[PDB]
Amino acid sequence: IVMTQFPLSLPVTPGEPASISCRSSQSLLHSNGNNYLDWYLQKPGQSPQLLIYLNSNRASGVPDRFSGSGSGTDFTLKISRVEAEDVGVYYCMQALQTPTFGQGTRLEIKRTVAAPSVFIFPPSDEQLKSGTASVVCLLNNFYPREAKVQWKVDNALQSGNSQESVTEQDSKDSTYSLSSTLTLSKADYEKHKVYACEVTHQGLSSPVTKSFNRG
């Protein structure tokens, strides 16, 4: 049996309901009248936990806002009032046969726009003593996830020498944070002076630049 979830990512404003679809290849209705489909929520940084069992029953501690519906080869999970804690991936599973899962649905919280706080860290002195230089640019608590972060070494746009890392949505702030790390050799680092990190975002009227000179 193949489980398929239509909304792979669902952005939803707080207070506004949400709805997730689940199609299956065979009918999960059984002779005893039950639909052997479950819902599992995987919150950030945790393993999945049971949300709904047998289509319409809540596990222990699950608020009244979560409800399940459907029959046969078509099911739907609904939340009445989405909350910031509801962030996570919601998974289908069928129990009629050996357990098959759906590809999850990420629930994003459509928050008010929040500009990022931009910070830049030069490489530690003990890192340069090992022959490598990491210049970190940090964007803190922004919404939404779409940011454009470019390095500018002596007013020269750098490409191919940076890696980005973004956090999952916060369970209280509904924000993100991003880390752009520039890696050079101690030789290539000392060949230049001005190290600048520009940032473009929807909540920023202009691009914010954080720069520094080596020394």
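Numbers for residues come from their place in the sequence shown, where the first is 1.
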With respect to the recorded C-alpha B factors, which stretch has the higher mean value, 187 to 195 or 20 to 28? 187 to 195
Once you work out the mean C-alpha B-factor for both 63 to 71 and 48 to 56 from the entry, which is higher? 63 to 71
Out of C137, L96, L128, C92, residue topping the C-alpha B-factor column of the entry: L128
By the record's CA B-factor, is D173 among the lowest, middle or highest third of residues in the chain? highest
Lowest, middle or highest third of the chain for the C-alpha temperature factor of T100? lowest
Going by what the PDB entry lists, where does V87 fall on CA B-factor within its chain: lowest, middle or highest third? middle
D154: C-alpha B-factor third of its chain, per the entry, is the highest
Please place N161 in the lowest, middle or highest third of its chain by C-alpha B factor as given in the entry. highest
